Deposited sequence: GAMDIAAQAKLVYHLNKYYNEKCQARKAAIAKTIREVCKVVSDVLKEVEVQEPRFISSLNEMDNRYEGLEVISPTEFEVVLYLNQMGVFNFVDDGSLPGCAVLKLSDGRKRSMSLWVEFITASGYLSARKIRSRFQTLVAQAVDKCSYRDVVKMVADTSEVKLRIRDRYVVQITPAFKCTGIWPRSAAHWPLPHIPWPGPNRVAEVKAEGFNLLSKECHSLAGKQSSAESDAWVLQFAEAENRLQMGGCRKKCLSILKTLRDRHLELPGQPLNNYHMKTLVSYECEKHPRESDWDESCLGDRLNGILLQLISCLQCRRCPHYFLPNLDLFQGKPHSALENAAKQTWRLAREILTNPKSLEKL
């Protein structure tokens, strides 16, 4: 039985060294060709409207870029601001928050003066709509125009590149020096994880406010990309996450798109709360952690509920038909059974 647990760890590491490493290289190649199209479209916007500056810093990754699928991405476009707005998060719009002007006048003081309502709120929808018109003009004018169209029938700004890749470009503001009320419960009082030292840097990472749709209202959607990534450092956590994203790409890309990489990302964080010790994420525990996550994934699909890690009131399955979730449970179960029954199957997965 030690041989079987050891056998699972061995073949998972081969899977990580082979399929996961190839996946990282292939997506990096796709990201490279997709971002130079995005940079050309965005630099066309910025000449027409300098407030939309391209925050595509390669820094060695592209800041603000998130992978959803081997062919789908989201670029977070961070907008300069003066800092005249107050962050307001009551639970009136779950998973959302609002930016209000600090006192009555000084609307002239803001860079986005025309987008502040009479009530004094900075409108996410008005900013995205203006941004959409600018992008729709850029994709007809830029050098790459033959390979970029803009996706239709959506209020989101999405570029379809070479009829293969889809990129959502989401305007956003970075919020530092504040933790949101909707996330103030975290970290849980009892759970040994993370270390209080780790919590203080995660909260120092801040959070983002994104202009996209969710659930009329027009508020900003909360997002914790940078906090999430700092949270999952240490041990084999990220190696586990990479294996999950790879298995999902190759075997759980299903009709209706019930599962995406962010589901895997959320489950790893919850598995960290269920196993808070650093020794639970030792390299020898890689098989136990992956098994626990896959079974946890099956439970979420069967229960029709997969809560957001920082915003437990939010369900990451909301809007997905139960037939698609049930199909994903049946495929995830059969996948987890094959891996556990014979880890050598990973060679051909």
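In this chain, the deposited residues that lack C-alpha positions fall in the ranges 1-3, 63, 220-228.
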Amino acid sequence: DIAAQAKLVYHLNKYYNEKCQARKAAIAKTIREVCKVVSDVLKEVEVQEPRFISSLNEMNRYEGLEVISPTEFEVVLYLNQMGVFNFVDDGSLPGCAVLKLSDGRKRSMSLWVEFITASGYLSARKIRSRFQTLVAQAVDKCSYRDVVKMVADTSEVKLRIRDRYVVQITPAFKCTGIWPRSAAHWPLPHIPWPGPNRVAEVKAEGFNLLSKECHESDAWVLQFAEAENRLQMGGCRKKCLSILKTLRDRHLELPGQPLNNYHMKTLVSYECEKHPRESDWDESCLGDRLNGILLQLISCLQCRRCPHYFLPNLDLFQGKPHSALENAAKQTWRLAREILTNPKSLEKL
From here on, numbers count along this sequence of modelled residues.
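Comparing the deposited coordinates for 180-188 and 164-172, the stretch with the larger average C-alpha B-factor is 180-188. Taking only CA atoms, the mean B-factor in the PDB entry is higher for 90-98 than for the other of 267-275 and 90-98. Among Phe73, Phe207, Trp193, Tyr262, the highest C-alpha B-factor recorded in the PDB entry belongs to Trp193. Of the candidates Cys236, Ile127, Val202, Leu77, the deposited coordinates give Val202 the top C-alpha B factor. Ranked by C-alpha B-factor against the other modelled residues of its chain, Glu114 falls in the highest third. Annotation for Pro321: C-alpha temperature factor in the middle third relative to the rest of the modelled chain, per the entry. Split the chain's modelled residues into thirds by C-alpha temperature factor. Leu247 is in the lowest one. For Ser55, the recorded CA B-factor ranks within the highest third of the chain. Only modelled residues enter the ranking. The PDB entry assigns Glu226 a C-alpha temperature factor belonging to the lowest third of its chain's modelled residues.
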